[PDB]
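Heads up: the structure comes next, in structure tokens.
The chains referred to below are lettered A, B, ... by the order of the sequence lines, with proteins before strands, and numbering in each begins at 1. All values below were derived from every heavy atom in this structure, side-chain atoms included, with hydrogens, water molecules and symmetry-related copies excluded.
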Amino acid sequence: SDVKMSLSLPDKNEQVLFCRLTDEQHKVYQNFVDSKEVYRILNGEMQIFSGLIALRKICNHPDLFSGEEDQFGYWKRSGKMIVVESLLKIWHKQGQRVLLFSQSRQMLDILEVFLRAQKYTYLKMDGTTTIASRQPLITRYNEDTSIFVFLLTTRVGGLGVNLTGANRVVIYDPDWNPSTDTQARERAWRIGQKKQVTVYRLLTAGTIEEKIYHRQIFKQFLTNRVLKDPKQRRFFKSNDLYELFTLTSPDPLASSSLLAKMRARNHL
Amino acid sequence: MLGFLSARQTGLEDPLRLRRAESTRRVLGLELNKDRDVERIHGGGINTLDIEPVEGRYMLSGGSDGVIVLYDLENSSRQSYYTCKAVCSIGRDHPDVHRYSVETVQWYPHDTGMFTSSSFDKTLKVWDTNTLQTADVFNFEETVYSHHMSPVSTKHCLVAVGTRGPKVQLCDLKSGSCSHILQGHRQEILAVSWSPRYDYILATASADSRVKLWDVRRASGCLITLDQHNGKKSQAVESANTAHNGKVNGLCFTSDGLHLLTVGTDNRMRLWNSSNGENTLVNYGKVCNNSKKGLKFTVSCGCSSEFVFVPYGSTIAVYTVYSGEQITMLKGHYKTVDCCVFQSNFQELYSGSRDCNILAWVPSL
Ligand SMILES: [Mg+2]
């Protein structure tokens with residue numbers, strides 16, 4: 001912001017779409033939050049991780065109960081995948097290049113299958129790809145615009161690489177750490193980006209994903225409290241308790257300036 | 001001396017000659033004051049004294065009873081006999097009085113409008129001298145043995161604090177940051193002293209028999225560790241390279257800041273090249289001290305030869321810094337002397353001891 005005017009970067013947008021669980025996805029989510037495992041979690045008997053990861057998987061796509069055109073990972077069974085399908089159609093008809101992130105390798109494979117189901121020319125880079133080929137791959141996506149979508153895991157696709165060839169960026173799945181999402185979204189808006197970029201951060205409304213978004217907003221506020229200014233507004237959207245298992249789908253100083261500063265600090 | 005005046009008038013000798021020669025002669029003629037007295041207000045022993053660096057008029061004194069007394073040393077009366085009256089007092093009735101003994105009190109350098117006092121009540125309080133109210137307080141997890149502000153820093157305003165913790169704390173009086181610590185000692189840090197020459201050089205003496213010089217800007221620990229032998233008994237640095245054979249409970253940079261005087265509980269004082277910590281092997285003989293806390297001793301300024309005034313039992317031992325020759329014993333205290341502070345303007349001395357007395361030593365004639 002203090003360098004953007006002195007660097008001639010293009011415009012940026014940071015929209016946050018609140019996606020809607022499908023009937024089948026909502027059914028699986030409601031069945032899980034009504035299951036006995038989450039009940040045991042809320043009683044402190046079991047670790048929270050199983051339920052947390054299960055809910056995140058359900059919001060990503062119902063790959064718990066793998067339900068032709070009914071193969072594993074079919075796009076129409078997940079709301080976020082429906083939104084991604086619409087966005088990819090629009091952007092492809094607009095002749096733009098998209099950077100599709102995911103927290104989960106399995107969800108990245110599902111997105112890859114959905115992309116081959118369409119005619120989109122993709123290019124994938126996750127933790128399994130050999131390191132020696134990663135910088136080449138990036139260069140490929142930065143060089144020829146025939147490649148449309150760049151699939152990424154936020155841990156490898158983020159974190160310092162340059163992907164200015166990408167124009168749109170879509171963060172498919174929120175993470176507990178805000179910084180993962182931040183670096184993933186700044187993979188495109190960098191020195192050398194000659195086109196307007198926008199970030200679409202997909203969350204399922206009233207699910208665990210919205211709660212994770214709230215947790216990481218709280219974390220971002222805590223960070224801004226000490227990085228940019230200490231007048232940060234308190235996080236009031238939620239109390240951040242252990243009720244994220246619920247489905248709530250919508251719808252020289254001369255001793256005077258120094259003494260004055262001591263008094264100022266102490267009166268606070 | 002008429003020779004000195006004649007040489008000054010005739011330009012034979014620079015007036016510097018007369019000034020420093022007469023300062024040295026005055027220091028040598030130091031004796032119990034014939035016509036001067038200091039008001040008695042401390043109910044306990046005086047652990048520390050500090051005359052303000054600018055104008056040298058006012059003196060702070062912290063007692064073992066926790067009170068802090070502010071004296072005026074100027075003879076505002078017309079008589080030749082006067083008592084150094086107490087201007088101000090953090091007494092037992094003050095809301096911010098120290099609950100335990102005040103162990104170090106120091107005027108803020110560059111300005112007399114503020115001072116600081118550290119106590120065994122685990123607090124370093126910063127006082128506004130005008131309102132006489134605590135402008136700030138720094139709390140520590142362990143009792144403070146000593147503290148010191150840099151007498152030179154126009155840039156930083158750090159207070160180096162040595163507590164019974166093995167860490168030297170650096171409290172920023174600019175926006176209050178007491179988090180900075182220096183690692184490398186192993187027992188209580190009984191003395192700390194900023195270099196008068198170098199802005200960011202701090203010497204710290206701890207009960208582990210080691211004295212370390214730190215560049216507080218640096219990220220790599222101490223610069224120099226003082227070694228008695230300079231390398232004759234050389235060992236991988238885990239327990240060797242000790243400054244003394246006991247607890248090093250006092251530090252004092254010389255006036256120019258090119259040497260460092262360390263007094264330890266092995267009944268020895270040593271003089272160290274402040275640039276590489278090499279021992280200069282100046283003898284000083286046996287310097288009796290057994291203090292379990294920091295020992296406050298000062299050096300002379302503005303004289304032909306530098307002197308060091310060390311508490312020696314119930315006396316003040318005056319030594320020549322660079323030769324070690326024993327000048328004299330100022331003998332007027334009834335208990336062990338805790339501190340002595342040197343007025344450089346008139347070559348005067350003020351000593352506080354456990355007998356609840358502050359004695360003034362003035363040159364005779
Ligand atoms: Mg980088």
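Of the charged side-chain nitrogens involved, at least one lies within less than 4.0 Å of a carboxylate oxygen, so that B:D128 and A:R263 count as a salt-bridged pair. The pair A:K89-A:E85 fails the salt-bridge criterion, with no side-chain N (NZ, NE, NH1 or NH2) lying under 4.0 Å from an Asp/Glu carboxylate O. Salt bridge A:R201/A:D181: present, at least one basic N to carboxylate O contact under 4.0 Å. Taking 4.0 Å as the cut-off between side-chain N and carboxylate O, A:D109 and A:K124 count as a salt-bridged pair.
Between B:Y145 and B:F120, the ring centre distance stays below 6.0 Å.
Within 6.0 Å of the CZ atom in A:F218, the count of heavy atoms belonging to other residues, nucleotides or ligands does not exceed 12. Residue A:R233 qualifies as enclosed at atom CZ: its count of foreign heavy atoms under 6.0 Å is above 12.
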Check against side-chain contact (heavy atoms from CB on, under 4.5 Å), B:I201 and B:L223: CA-CA 9 Å; B:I201 297 295; B:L223 271 193; 3.8 Å; yes
Intermediate values then yes/no, side-chain contact (heavy atoms from CB on, under 4.5 Å), A:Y200 and A:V84: CA-CA 10 Å; A:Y200 278 103; A:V84 163; over 6 Å; no
Enumerate donor-acceptor pairs with a distance under 3.5 Å from any side-chain N or O in residues 5-14 of chain A to protein atoms, sequence neighbours excluded.
none

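A donor-acceptor pair shorter than 3.5 Å can be found between the side chains of A:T204 and A:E209. In this structure, a donor-acceptor pair under 3.5 Å is present between the side chains of B:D111 and A:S255. Residues A:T128 and A:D126 have side chains that bring a donor and an acceptor to within less than 3.5 angstrom of each other.
The two atoms that bring A:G73 and A:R77 nearest to each other are N-NH2, 4.1 Å, heavy atoms only.
Ring planes of A:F72 and A:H61: perpendicular class, angle over 60° (limits at 30 and 60°).
Separation of atoms CG (B:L124) and SG (B:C178) is listed at 9.5 Å; rounding is to 0.5 Å.
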